[PDB]
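Trainee: Need a 3D model of the following:
(chains A and B, ligands or ions: 7)
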Amino acid sequence: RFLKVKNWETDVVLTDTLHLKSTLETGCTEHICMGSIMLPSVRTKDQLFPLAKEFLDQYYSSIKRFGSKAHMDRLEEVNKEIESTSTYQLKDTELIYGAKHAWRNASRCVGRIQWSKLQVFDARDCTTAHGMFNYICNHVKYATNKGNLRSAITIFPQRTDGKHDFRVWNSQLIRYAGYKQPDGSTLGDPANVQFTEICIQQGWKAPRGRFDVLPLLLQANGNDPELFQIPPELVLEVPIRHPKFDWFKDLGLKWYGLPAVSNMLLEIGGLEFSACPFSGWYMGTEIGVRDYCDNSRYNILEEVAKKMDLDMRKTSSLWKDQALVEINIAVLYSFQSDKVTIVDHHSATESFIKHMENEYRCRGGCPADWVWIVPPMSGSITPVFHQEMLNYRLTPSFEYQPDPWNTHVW
Amino acid sequence: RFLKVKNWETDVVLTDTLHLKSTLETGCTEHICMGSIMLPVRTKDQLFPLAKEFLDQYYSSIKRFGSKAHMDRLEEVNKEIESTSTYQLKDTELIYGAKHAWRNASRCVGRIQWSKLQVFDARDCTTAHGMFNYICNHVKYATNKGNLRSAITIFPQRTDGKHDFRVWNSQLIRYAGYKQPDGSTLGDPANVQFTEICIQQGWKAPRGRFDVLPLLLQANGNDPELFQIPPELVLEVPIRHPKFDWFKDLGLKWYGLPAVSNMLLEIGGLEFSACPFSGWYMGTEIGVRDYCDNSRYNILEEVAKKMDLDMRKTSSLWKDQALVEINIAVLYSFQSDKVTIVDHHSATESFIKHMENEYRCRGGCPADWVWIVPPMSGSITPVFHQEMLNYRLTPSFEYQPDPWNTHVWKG
Ligand code: HEM
Ligand code: HEM
Ligand SMILES: Cc1cc(N)nc(CCc2cc(F)cc(CC[C@H]3CCCN3)c2)c1
Ligand SMILES: Cc1cc(N)nc(CCc2cc(F)cc(CC[C@H]3CCCN3)c2)c1
Ligand SMILES: C[C@H](O)[C@H](O)[C@H]1CNc2nc(N)[nH]c(=O)c2N1
Ligand SMILES: C[C@H](O)[C@H](O)[C@H]1CNc2nc(N)[nH]c(=O)c2N1
Ligand SMILES: [Zn+2]
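Mentor: Numbers count the residues shown, from 1 in each chain, chains lettered A, B, ... in the order given. Ligands and ions are numbered 1, 2, ... in the order given. The coordinates are given below.
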């Protein structure tokens, strides 16, 4: 019940007690592990006050005021507001703590060593999609910081009755369009084909190129969503070239510098923030392995191997593997040259081992999802591969939520 | 109740009902997942239900459930258990069991081949010398001059746990590892502890970098005994690279036959504690893990040096570059010497076809994503995008403690 995790490369063993504070469910039972399922599955007055109590108790513990007058006063004050209003509002300081700890608790995130440096933008006074646009532009500019990227989150008003939801319909703030063609192939980003539809199909005018930055589709107070173009001077992009292959630039590849997830739900103290775009900086493999080389994405392996004149006849020449490394060398090379923050998978996983060490030492544990923490290339030459991890669900947390166009009473 | 898995690269969705036949625990609970944990004495009381469960499965597979053959065999096993406290499997049952143990092995990517297992019944063996003879014949049959054939040899089952047969080697064929006084390691670092036992038991170590370890064999709970596998039975492959001529000068070689020998085979409640089994290698087991793991031969540095790579910052991906070349060399050397090997792209594609077939004709296929996904180039293989359900079916292969920790020495 006071569990242990072993690293098999170093024999270091850690003792996890934090899992005893777990609350939500994992989807596993003692008969079947769902550790590899991508995503398994209104608040009443009754369920809401225990959730607030749990949160405020850990908040006042972290500031070393558990069982103080200020604690009990805040407890009763929120208690009163719930009995009256059927919800409540977080103090700024509780909002920042809640956001930083949703990141800290995100078991699938390898970049958490930076969790405590998050920049939190309170947008709870926003009322309109134009206002949402303004807040999001300010976020993008601050986080991008001319290439010296800084982590940030912007938090729009919390859900009330589910009829007045604030939603960013983009899955990320910055993403490239994707169009089906007569040919039957797909131009641009295939993962964005449906959304690139629902933009044009909502009023957008597509340049129909390969790397067209999608417009924002912003929904305030449950109204119809509105299109907005992010000023190009705010969207930092990196042309992609190889440090050794001059034909690489002729591939005509580029990627954007800012990864900004915008479709998740932030839960703090029982309250639900359905619009909470957050951003950090890329790990190189997200672009080079996944975005470029997934079959259901840009899928450039064949063209790159062709240009390398590799023996593509049999899989045992490891030509996909060989191209894959070169592509990822280039992505890192391009970002570093243009002075835009990026981390390689060796540094990020080494950082995460250090972070686990600190969490076990000063917190008693660190929830972690091996299936997602281990990079999608060169898995076993990174230290996380040999690291046992326990996965459990803490709160505050980021959660998945249904796509809006399926839900909006249009 | 039914359960769905989705392939996120092809949107193929499958429905698992087989998990309803699940017995043993996983280690997971509703509030914690132990999915990445490497490792999560039996009386007549619980034995006949385990036997009955197994025989019901056996007779369903041969389309004879409820037959008089089925009912008499149940009765016969029943009386043998109450009279003798254990029971014996028929030959047919033992073959069925070992095949299905492999079929149920949720961490094995190679399971498309499960129906083609050669089973050697060694239940009449009684001494370590008899064990040595059976294992030699397995190695000769399985190697087949490089045209490898899957096989398993099954020594007598446990009785009171004080008369166990055990193969003390973790694998039938492995290289020695020697710790030097200066702290460095010669050979395979993973085998230092076992090599020391062998030397303590009287093995004369040649102390090279690729010395095949002796077999240490324990019969009927007696002290184990040393034997040297005849070298002409140990097929080995010099590692060269198809473009780099300097690669041969690294002096690398590997044996051809992967043969796991320290696991426990469970069939109908009977425990077979010595059950060596062998197949053929996936390239990455040698090229990624054996050679490049930091706690193994760890040749990335030497290979990166000779490739003249930017080794100053990790972001040059010099490690990933050297790893790919080492894995091309392993595949090229094996193919050139006509020793059966499979690359990780071929092996994962086959397992996806196997898994889909299993869902259709069996109702599911238990699978451990953490172990199925290869240790390099994960997401460019199709298993990476495949959701999988992990649960334990029997017959099964289980882990057991190392014998030198539990053995009572005679002298
Ligand atoms: C600062 C550098 C960061 C790096 C290098 C990083 C890296 C990653 C990576 C590689 C993933 C895997 C997901 C995928 O492959 O698509 C991930 C997931 C995730 N990240 Fe981080 N991230 C960073 C910042 C942040 C920040 C600032 C937040 C929130 C404030 C965050 C929250 C999350 C969450 C919630 C998930 C997983 C969502 C899920 O459950 O599926 N990350 N991250
Ligand atoms: C014939 C070709 C085969 C291939 C290519 C293959 C490949 C693999 C691989 C790569 C693993 C992962 C283990 C690791 O990386 O250390 C594995 C695990 C396993 N294999 Fe197969 N295997 C084959 C045949 C067999 C046979 C013949 C058996 C038994 C009759 C078997 C039973 C198992 C079991 C029980 C495991 C689980 C290991 C554990 O839990 O530690 N495999 N296999
Ligand atoms: C802030 C940040 C930094 C970084 N370095 N990277 C990302 C993107 C990784 C990510 C995080 C999430 F919270 C959710 C997703 C999408 C989840 C599913 C949908 C499609 C495939 N993955 C992705 C975000
Ligand atoms: C038949 C076979 C075929 C193949 N192609 N390969 C193997 C070796 C894979 C394997 C299987 C096992 F049943 C157990 C192990 C070792 C277990 C743990 C101990 C430390 C790290 N691995 C390895 C076996
Ligand atoms: C801690 C972790 O479970 C451990 O490193 C596992 C991960 N996956 C693996 N997968 C395979 N095929 N072989 C292994 O030895 C391991 N080791
Ligand atoms: C089915 C499987 O869960 C799916 O492919 C997962 C595996 N691991 C992953 N790991 C990361 N970091 N990102 C992903 O999108 C996925 N996808
Ligand atoms: Zn689990």
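Trainee: export stretch A:285-294 as CSV, just CAs?
Mentor: Only the C-alpha atoms of stretch A:285-294 are listed here, as CSV (Å, rounded to 0.1, in the frame of the first residue of the first chain):
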residue,chain,number,x,y,z
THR,A,285,10.1,14.3,-31.7
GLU,A,286,6.5,15.7,-31.6
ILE,A,287,7.2,17.5,-34.9
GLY,A,288,9.7,15.2,-36.5
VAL,A,289,8.5,11.7,-35.5
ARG,A,290,4.7,12.3,-35.2
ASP,A,291,3.7,15.4,-37.3
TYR,A,292,6.0,14.6,-40.2
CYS,A,293,6.2,10.8,-40.3
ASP,A,294,2.9,9.4,-39.0
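Trainee: ok now that stretch, how far from the chain's centre?
Mentor: Relative to the centre of its chain, stretch A:285-294 is centred 16 Å away, using Cα atoms, centre = their mean, to the nearest Å.
Trainee: for stretch A:335-347, same thing?
Mentor: 18 Å.
Trainee: likewise stretch A:7-21?
Mentor: 25 Å.
Trainee: swap in stretch A:77-84?
Mentor: 33 Å.
Trainee: got it, and stretch A:154-171?
Mentor: 17 Å.
Trainee: Can you point out the buried residues in that stretch?
Mentor: With burial defined by 16 or more other Cβ atoms under 10 Å in any protein chain shown, the residues of stretch A:154-171 counted as buried are A:154-160, A:165-171. For the C-beta atoms, the positions are set from N, CA and C on the backbone; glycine is no exception.
Trainee: Out of the residues you listed, which two are the most distant from each other?
Mentor: A:160 and A:171 (24.0 Å; Cβ to Cβ).
Trainee: before we move on, the earlier item: I'd like the buried residues of stretch A:154-171 as CSV, with distance to residue A:233 and secondary structure appended.
Mentor: Formatted as CSV, the buried residues of stretch A:154-171 follow (distance: Cβ to Cβ, whole Å; DSSP: H, G, I helix; E, B strand; the rest coil):
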residue, distance to residue A:233, secondary structure
A:154, 19, strand
A:155, 25, strand
A:156, 24, coil
A:157, 29, coil
A:158, 32, coil
A:159, 34, coil
A:160, 36, coil
A:165, 31, coil
A:166, 26, coil
A:167, 26, strand
A:168, 21, strand
A:169, 23, coil
A:170, 19, coil
A:171, 23, coil
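Trainee: Now distance to ligand 1 too, for those, in JSON lines please.
Mentor: Output for those, formatted as JSON lines (distance: Cβ to the nearest ligand atom, whole Å):
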{"residue": "A:154", "distance to ligand 1": "11"}
{"residue": "A:155", "distance to ligand 1": "11"}
{"residue": "A:156", "distance to ligand 1": "15"}
{"residue": "A:157", "distance to ligand 1": "19"}
{"residue": "A:158", "distance to ligand 1": "17"}
{"residue": "A:159", "distance to ligand 1": "18"}
{"residue": "A:160", "distance to ligand 1": "24"}
{"residue": "A:165", "distance to ligand 1": "19"}
{"residue": "A:166", "distance to ligand 1": "18"}
{"residue": "A:167", "distance to ligand 1": "17"}
{"residue": "A:168", "distance to ligand 1": "15"}
{"residue": "A:169", "distance to ligand 1": "18"}
{"residue": "A:170", "distance to ligand 1": "15"}
{"residue": "A:171", "distance to ligand 1": "11"}
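Trainee: Just give me the closest of those residues to ligand 3.
Mentor: Ligand 3 lies nearest to residue A:171 out of the buried residues of stretch A:154-171, by Cβ to the nearest ligand atom, at 6.7 Å.
Trainee: Could you pull up the residues touching the closest one?
Mentor: Residue A:171 makes contact with A:192, A:195, A:261-263, according to Cβ atoms under 8 Å, 6 or more residues apart in numbering or on different chains.
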